[PDB]
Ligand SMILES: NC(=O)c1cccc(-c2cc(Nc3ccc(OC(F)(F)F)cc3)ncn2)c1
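Here we start with a single chain on its own, the form deposited without this ligand, put down as structure tokens.
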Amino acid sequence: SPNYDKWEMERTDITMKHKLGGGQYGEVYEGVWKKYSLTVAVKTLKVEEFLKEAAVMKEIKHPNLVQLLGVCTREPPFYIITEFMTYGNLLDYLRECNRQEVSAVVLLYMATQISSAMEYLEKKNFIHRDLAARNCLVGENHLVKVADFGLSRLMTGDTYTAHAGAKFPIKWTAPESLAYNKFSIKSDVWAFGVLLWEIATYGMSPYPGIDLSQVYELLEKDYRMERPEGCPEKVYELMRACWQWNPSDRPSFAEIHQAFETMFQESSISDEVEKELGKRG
């Protein structure tokens, strides 16, 4: 039919149950797709930034990107409707987890899943622009997905320049981005370095006790966050690669993913055996 749009759903298909989290996600609701009795998440507005996130999510698809199910953007109130991620945002997940469940191998699994998604965006020539643990979502069996695509975009040049007044979450933001509003897949890699550090610390805040106003100056003097207690030497080396001052010196997400894939696989082996010991009590 002439007005068919594969993504546009009817608002009345969705029951809005309650606002998720603690207003901490803004206007994101747990809903039900009543036809199917499926729990969904729904972000609502009542614009350009909203519609831009809606547009971007139609273009990207991956096992580790939160899955768009549909939108209601023909008339207000606008909706973006996605799968429901059962455990919420990764930062709080890490802060409250049982570390016998969320063990060294699961920390590697998490980094493998996120870098898998970013390797995909990387070859799609997208940038994400807001990589952080608070912006990843967790499902069953430590399934992790990247979310929050409001600043994501398909790249036309090597660099995107955010508008003059823009402000950024300073502790995740690469030097060139802080100083010159320049973004690229490489400033995503820098933010991924910080995300790695959030994972390794089970969700500590970065640069603890360092004033936001001091951060760029410290970076320019080559200060970088210390290796967290318990963090594998190789993981920390990858963090430091992600935090190379010059963007072209940072690894690709292709390289990053491959390295974490390998480390994950090795760690799984010992984990699986340790599980089977212990079941033989």
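The first residue of the sequence shown is number 1, and the count goes up from there. Superpose the two forms; the largest set of C-alphas matching within 1.5 Å is the rigid core.
What follows is about the form solved in complex with this ligand, which we do not show.
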item: Contact test, all of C231, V235 and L277, partner this ligand in the entry with it bound, heavy atom 4.5 Å; value: yes
item: is_contact(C97, this ligand) in the entry with it bound, heavy atom dist at most 4.5 Å; value: no
item: Partner proximity in the entry with it bound: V189 to this ligand, non-hydrogen atom cutoff 4.5 Å; value: no
item: Any non-hydrogen atom of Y202 within 4.5 angstroms of this ligand in the entry with it bound; value: yes
item: Proximity of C72 to this ligand in the entry with it bound, heavy atoms at 4.5 Å; value: no
item: Stretch in contact, per heavy atom within 4.5 angstroms of this ligand in the entry with it bound, of 205 to 213, 104 to 112, 173 to 181, 155 to 163; value: 104 to 112
item: Position that moves between the shown form and the other one after core superposition, taken from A179, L143, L154, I170, with Cα shift of 2 Å or more; value: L154
item: Pair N246/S152, Cα separation in the entry with it bound versus the displayed form, closer or farther by 3 angstroms or more; value: farther
item: Cα-Cα shift for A132 and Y160, closer or farther in the entry with it bound, minimum 3 Å; value: closer
